[PDB]
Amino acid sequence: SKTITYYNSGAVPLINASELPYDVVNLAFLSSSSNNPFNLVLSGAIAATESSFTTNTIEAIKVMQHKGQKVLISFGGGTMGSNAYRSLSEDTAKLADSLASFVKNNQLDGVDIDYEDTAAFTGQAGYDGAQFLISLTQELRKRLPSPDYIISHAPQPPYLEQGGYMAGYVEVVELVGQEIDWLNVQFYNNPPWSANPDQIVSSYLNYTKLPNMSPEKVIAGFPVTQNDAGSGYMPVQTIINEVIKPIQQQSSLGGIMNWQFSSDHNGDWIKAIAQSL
């Protein structure tokens, strides 16, 4: 199983992650400028400017990588507009080249596609979101081959519900799941999954059985603290004993993701979770 975290807030120095039991750190975020959607800009504690990492970030990445940890840039995030994606969907190869260049020029291990434009799975966004994610994944994987590079996505549970109205990622995994390393499923901000372990477990198992998916390719994601999500916080003892152990009893568990690194005091959360894996 793998342990994954997102780094957006800088309240805890990034280099602290190099001494904690994380396998993957997603730097959040790279996203479209309001100006021109094909110009990608950085946000969060990683950014010295819109186009550059801070000095401390650059060093922390090297130290993490020396430890055998993988560091991805997360593209997207919750604040990226559907209108920017609509434009990008008309030239995914150009977007892929920009992302691949950012990964290579900053010596990263790949990309996390944190895509949250739900309306593009319901016919309300003026572009086909599933075909966008399918094409973007193919073009990115062309430029960032396995197994040297990682491509993850971060879907929300409705995206993966067979037969659902917003199940865009069912189509995604059916067409290009073999090219995706794993899914960081956000079991938060999404009723009725939020803080509902029984529903999280049954859905997790269903997702591992989608075409091209497996336990290894599905990571269960949670907020560290109450302030990390509008809904879905659960104490770590509940995650362990009502999510992790029930999944381990029936299948295997690809891993645990959290939002977000700087909310975890002294790394206690990841230490307890890791232990349980």
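Residues carry their position along the shown sequence, with the first being 1.
- Checked against the record, the higher mean CA B factor of 153-161 and 196-204 lies with 196-204.
- Note on 31-39 vs 58-66: mean CA B-factor is higher in 31-39.
- When the C-alpha B factors of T137, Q186, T122, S74 are read from the deposited coordinates, the top value falls at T122.
- Residue-level inspection of the entry shows that, of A84, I180, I113, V170, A84 has the top Cα B-factor.
- Per-chain ranking of the deposited C-alpha B factor places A11 in the middle third.
- Placement of the Cα temperature factor of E50 within the chain: highest third of the modelled residues, per the deposited record.
- Residue-level temperature factors show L253 in the highest third of its chain, judged at the C-alpha atom.
- When the modelled residues of the chain are ordered by C-alpha B-factor, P211 sits in the highest third.
- Ranked by Cα temperature factor within the chain, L175 sits in the middle third according to the deposited record.
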